[PDB]
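K.L.:
Here it is: the structure, laid out below.
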Number of protein chains: 2
Amino acid sequence: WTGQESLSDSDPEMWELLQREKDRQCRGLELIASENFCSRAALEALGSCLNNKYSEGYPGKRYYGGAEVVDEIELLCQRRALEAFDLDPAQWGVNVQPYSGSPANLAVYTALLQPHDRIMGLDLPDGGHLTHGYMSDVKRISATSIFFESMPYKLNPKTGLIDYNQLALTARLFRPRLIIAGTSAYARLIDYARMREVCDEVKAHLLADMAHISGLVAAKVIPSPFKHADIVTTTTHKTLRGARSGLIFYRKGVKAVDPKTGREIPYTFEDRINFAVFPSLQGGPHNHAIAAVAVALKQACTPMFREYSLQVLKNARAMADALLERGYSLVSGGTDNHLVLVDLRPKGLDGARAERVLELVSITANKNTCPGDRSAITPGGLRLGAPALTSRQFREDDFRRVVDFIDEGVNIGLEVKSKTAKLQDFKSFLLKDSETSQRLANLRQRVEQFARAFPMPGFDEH
Amino acid sequence: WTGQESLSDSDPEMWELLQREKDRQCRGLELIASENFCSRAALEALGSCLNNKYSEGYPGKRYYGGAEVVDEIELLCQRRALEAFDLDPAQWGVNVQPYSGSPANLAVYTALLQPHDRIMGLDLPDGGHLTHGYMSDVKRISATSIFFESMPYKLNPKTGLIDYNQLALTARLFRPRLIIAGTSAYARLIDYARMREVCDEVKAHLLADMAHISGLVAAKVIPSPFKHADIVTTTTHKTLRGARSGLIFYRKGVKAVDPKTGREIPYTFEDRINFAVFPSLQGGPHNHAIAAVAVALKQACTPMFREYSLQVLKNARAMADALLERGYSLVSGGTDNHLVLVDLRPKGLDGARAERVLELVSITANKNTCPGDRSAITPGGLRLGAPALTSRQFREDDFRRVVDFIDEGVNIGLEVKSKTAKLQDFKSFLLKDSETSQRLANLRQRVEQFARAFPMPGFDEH
Ligand SMILES: Cc1n[nH]c2c1[C@](c1cc(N3CCCC3)cc(C(F)(F)F)c1)(C(C)C)C(C#N)=C(N)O2
Ligand SMILES: Cc1n[nH]c2c1[C@](c1cc(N3CCCC3)cc(C(F)(F)F)c1)(C(C)C)C(C#N)=C(N)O2
């Protein structure tokens, strides 16, 4: 045994599963707004010998030696991260060690807040992320709500936007120490200037969690959260198109100067953010991930990536405009970003029904809660995203064509719904009924033929 | 841009960094007890298209669709995990999603304990891990000690062993809800049965954190903590020789049938452990890592891996014996596992000095506190481990040869100590002094010539 044998030779069972998954990704239409397709360059770094190195600590301040190269990789991943979002090294530092986006958020809270300190984030059904705080009536769901005290801020159910007025009303009562500006499922831009007004008034920190939009921010196709935010967290995946990992950007240097004291009052984020990641929360850095992130961060600095990002926005608008023109309602009436929230209630359907039908024809999207949701349990919408298929060289016409493929699925969903009682019965009907089955089997076959012809990033067979 | 370019062409700067690290690993003698060299098979899964899938939730209970293949991968990784450790699926379950070892531990505490509930782990300078609790005289350092209340237990400095008597004494007073059996720097086998008695007495959960020894446990070359623990956490790297990730094993089924009532009492770990990992702490699984772990767990079931693990013990013994023969002192007198704790104080040198000299001749080990010494004093010991070099096919003679090189390094360290006063003098004298610089260069070249000839697991170039 050398440990230099191929995966295909040494573990055929696993190799076939990778080939089955690679086939699935190629043949399908990926409309999940959080998914993308990572470059081969990044994945090569991700499966490198950098997996074999323990480098607890930070560049120049490690616990073990033999860390000369990984220091250069970490410092390069930092520099490239700052470059990718056009940040001055004197004003911003960055931590590249978080294992994902959820760890990066917990690290920020741990760094800046005492246990049980107060956090405000967009409510989960209103398009927020679990890690911004989430409790049900019976239990604390997110660990953010266990170790800290979270109160959600809501959407205006008329405009479908973030009610910035009610945020400011509740924030001055609840008195949070941190407010989170970021979203999982929201088609519009965030008023980071307004967020900072509220955070300034009530003496709170502003955290921008740009996970979903980080590529769009680097490409400068939408406005930057870095103009108004104290702290920015992100996934390195999603629109950035990197490996699964996380970043924490923080302000550094001088914040303010008081004329009375006659001196500079520095930002105190750096040491606390870094200490919270390590030694407080994480163990050994995943240097292979850090290197794969740095590969993607270089890619994001290029003209190529900007044109990809402009094409994401166009393809979202094209998917939005095409839905409107085929009789669909959109939450907030459209989009200014990579995704579209389709209210299926005004076309007499829900999200759960649409999801399972589309899935069966190799179209993967997720159900979504809309402001107009009459029922709290069964969600009445659909989140569709551009980034993935755009990375496969999809243009507007291709996106108009997937809308037509979707519409055919929705229209099967509307037909199966009217010949059905429950959501349990709705799934029994799709699998069993030959006329629905074969009409899906035909739609799948077309979707797969349409999808397969487009290029796929990464390796050829896995 | 296809995203199918090679890293070498795509990002030459990153490619040259990977190549330097590969050279450093190949030419070094890796004696860090936490290190290993991952198989190419495992690293191929790690840099696969599985990075592209979001599969929040668990197999058959996902939040998105299109997860049929990743479901099979996660279920396969679970089966192979239970098989590697010879566990009955009726009696044991396993979560394969933790992003690393430290996340796996935090998920356990989150799952079973309330904030501020009490944990006891082996003190950090006594050889426990940061995640078991650590506070300095003025600051909570580990997140375990921020969100929960940790009190350490200590070694008996006479024997270098865990003082099981004092643990039982202090546990009756402190009343921990959870006690952690597991170590980072400990040469001996833990008395899990005695840990169990103390836990049964004070009504505490026993957690076995077997990160360092997991491969030895899988190979059945040392006793298993699964015979006495409620929960077992581990890394998937270190002695298991996989990609960086974590596992949480837990009892399931019937705990004990109460004969007074008559009814069976169930274990209630499964749902709580799984909920803590997701949705409470983590987001999307790292399916690429999960698949790599599945490859490594498969490797760990084979005769090959048992022979590897026996060799790791023999090589550590051989290194211990070879150190004893050259007049070195070992903490606890020797070893029953993969590592050796050298006490350098008797020979008139410390761990900080030795570590840096050894680093400059391509031998990577780490300094370690000896029992009795306070943590504020410069550590007088050195931790050395067999697994990494054993994976490069080192045998007993080769480790004796390794001890020759270490001894030379120590002797160089002794000579530089007599010519300098402080640590910053010692460290700089190694770089600046001509005679010392030459002697190190000679030794380095001999170490590197020796190391390069042995095979290296992984890819050829990176
Ligand atoms: C898992 C998750 N993390 N962050 C999320 C989610 C979403 C989500 C959360 C949740 N919940 C988290 C715990 C229980 C509710 C449920 C659902 C679903 F699909 F069942 F409706 C969806 C979704 C992106 C998957 C979700 C929705 N809808 C939103 N808005 O943000
Ligand atoms: C980082 C870590 N996590 N878990 C550990 C450590 C060790 C460790 C912890 C620490 N500390 C963590 C916070 C400050 C002390 C310091 C040192 C050293 F090398 F500086 F002495 C070593 C070591 C394996 C690296 C360490 C030692 N010595 C032990 N016993 O276990």
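Throughout, chain B uses Swiss-Prot numbering, with the displayed residues spanning 43-504 in order.
Backbone N, Cα and C define each Cβ position, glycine as well.
When I checked Swiss-Prot for this same protein, it listed these features:
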type: MOD_RES; residues: B:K103; note: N6-acetyllysine
type: MOD_RES; residues: B:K181; note: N6-acetyllysine
type: MOD_RES; residues: B:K196; note: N6-acetyllysine
type: MOD_RES; residues: B:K280; note: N6-succinyllysine
type: MOD_RES; residues: B:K280; note: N6-(pyridoxal phosphate)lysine
type: MOD_RES; residues: B:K297; note: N6-acetyllysine
type: MOD_RES; residues: B:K356; note: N6-acetyllysine
type: MOD_RES; residues: B:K464; note: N6-acetyllysine
type: MOD_RES; residues: B:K469; note: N6-acetyllysine
type: MOD_RES; residues: B:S470; note: phosphoserine
type: MOD_RES; residues: B:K474; note: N6-acetyllysine
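Give me the local environment of each listed feature.
P.N.:
DSSP classifies B:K103 (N6-acetyllysine) as strand under the three-state reduction.
DSSP assigns B:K181 (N6-acetyllysine) to coil, not to a helix or a strand. Around the Cβ of B:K181 (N6-acetyllysine), the same chain contributes no residue under 8 angstroms that is 6 or more positions distant in sequence.
Counting every protein chain shown, the number of other Cβ atoms lying within 10 Å of the Cβ of B:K196 (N6-acetyllysine) is 16.
Around B:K280 (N6-succinyllysine), the same-chain residues six or more apart in sequence whose CB sits under 8 Å from its CB are B:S76, B:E77, B:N78, B:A253, B:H254, B:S256, B:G257, B:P429, listed in sequence order.
Under DSSP, B:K280 (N6-succinyllysine) is assigned to a helix (H, G or I) in the three-state scheme.
If you take the C-beta of B:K297 (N6-acetyllysine) and look for same-chain residues 6 or more apart in sequence within under 8 angstroms, you find B:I307, B:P308, B:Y309.
Listed in sequence order, B:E438 are the same-chain residues six or more apart from B:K356 (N6-acetyllysine) with CB atoms under 8 A from its CB.
In the three-state DSSP classification, B:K464 (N6-acetyllysine) falls within coil.
According to DSSP, B:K469 (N6-acetyllysine) sits within a helical segment. B:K469 (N6-acetyllysine) counts 17 other C-beta atoms within 10 Å of its own C-beta, drawing on all protein chains shown.
A C-beta separation below 8 Å, combined with a sequence spacing of at least six in one chain, links B:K474 (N6-acetyllysine) to none of the other residues.
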K.L.:
For the modified residues B:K181, B:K280, B:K356, B:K464, B:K469, B:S470, which sit with their CB under 6 angstroms from an atom of ligand 1?
P.N.:
none
K.L.:
Rounded to the nearest Å, what's the C-alpha distance separating B:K464 (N6-acetyllysine) and B:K196 (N6-acetyllysine)? Just drop the number here, would you?
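P.N.:
Roughly 30 Å, rounded to the nearest whole number.
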K.L.:
If H, G and I count as helix, E and B as strand, and all else as coil, what does DSSP give for B:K196 (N6-acetyllysine)?
P.N.:
coil
K.L.:
Given B:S470 (phosphoserine) and B:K196 (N6-acetyllysine), what distance in Å do their CA atoms have, once rounded to a whole number?
P.N.:
36
K.L.:
Over all shown protein chains, what is the count of other CB atoms within 10 A of the CB belonging to B:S470 (phosphoserine)?
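P.N.:
Summing over all protein chains shown, B:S470 (phosphoserine) has 12 other Cβ atoms within 10 Å.
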K.L.:
Based on DSSP, name the secondary structure state of B:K474 (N6-acetyllysine): helix, strand or coil.
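P.N.:
In three-state terms, B:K474 (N6-acetyllysine) counts as helix.
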K.L.:
10 Å Cβ neighbour count around B:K464 (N6-acetyllysine)?
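P.N.:
There are 8 such Cβ atoms around B:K464 (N6-acetyllysine).
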K.L.:
Rounded to a whole number, how many Å is the Cα of B:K469 (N6-acetyllysine) away from the Cα of B:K103 (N6-acetyllysine)?
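P.N.:
Here the two Cα atoms are 56 Å apart.
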K.L.:
Whole-number answer please: how many Å between the C-alpha atoms of B:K103 (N6-acetyllysine) and B:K196 (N6-acetyllysine)?
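P.N.:
Cα-Cα distance, B:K103 (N6-acetyllysine) to B:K196 (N6-acetyllysine): 43 Å.
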